[PDB]
Amino acid sequence: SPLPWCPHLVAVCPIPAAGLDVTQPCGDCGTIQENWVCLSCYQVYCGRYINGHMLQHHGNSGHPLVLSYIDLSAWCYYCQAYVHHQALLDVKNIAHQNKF
Ligand SMILES: COc1nc2ccccc2nc1CCC(=O)O
Ligand SMILES: [Zn+2]
Ligand SMILES: [Zn+2]
Ligand SMILES: [Zn+2]
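So this is what it looks like as structure tokens:
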């Protein structure tokens, strides 16, 4: 199971009123594959198995927590773990409505 809390949930920012687009491509390479959205600034970048742009974004922003547009899991780069908590329910559900 994921961690039930982490000390970076404080950095999760309010969801844009535009909502989320789970088909949004990577902001850097344009791939449609394995994208994640950053839960601090809501930019979308690809996962480590494509071109690793979300990991790069973490490195040059320090933003902690990212949501997968594949399965709606949330990863913390600092804790190196999946996290789930009530603070993540609204953004997961917006993503779920857009995806399914
Ligand atoms: C299981 O998810 C990850 N494990 C990682 C391990 C080491 C380094 C980065 C990692 N990033 C993710 C998920 C987000 C991503 O793919 O960028
Ligand atoms: Zn990319
Ligand atoms: Zn960010
Ligand atoms: Zn964390």
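Residue numbers for the sequence shown follow PDB author numbering, so the first one is 1108 and each next one is one higher.
Just so it is clear, CB atoms sit at the ideal spot from N, CA and C, and this is done for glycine as well.
Distance from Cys1153 to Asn1142 at the Cβ level is roughly 6 Å; contact confirmed, criterion being Cβ atoms closer than 8 Å.
In the same chain as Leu1116, and ignoring 5 residues on each side of it, the C-beta atoms closer than 8 Å to its own belong to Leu1172, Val1190, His1192, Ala1194, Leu1195, in chain order. A distance below 7 Å between beta-carbons, with the five flanking residues on each side excluded, links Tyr1185 to the following residues of its chain, in chain order: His1115, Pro1171. A Cβ-Cβ contact shorter than 8 Å links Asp1128 with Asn1205. Non-local C-beta neighbours of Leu1179 in its own chain, meaning closer than 8 Å and more than five positions away in sequence, comprise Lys1199, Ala1202, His1203, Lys1206, ordered along the chain.
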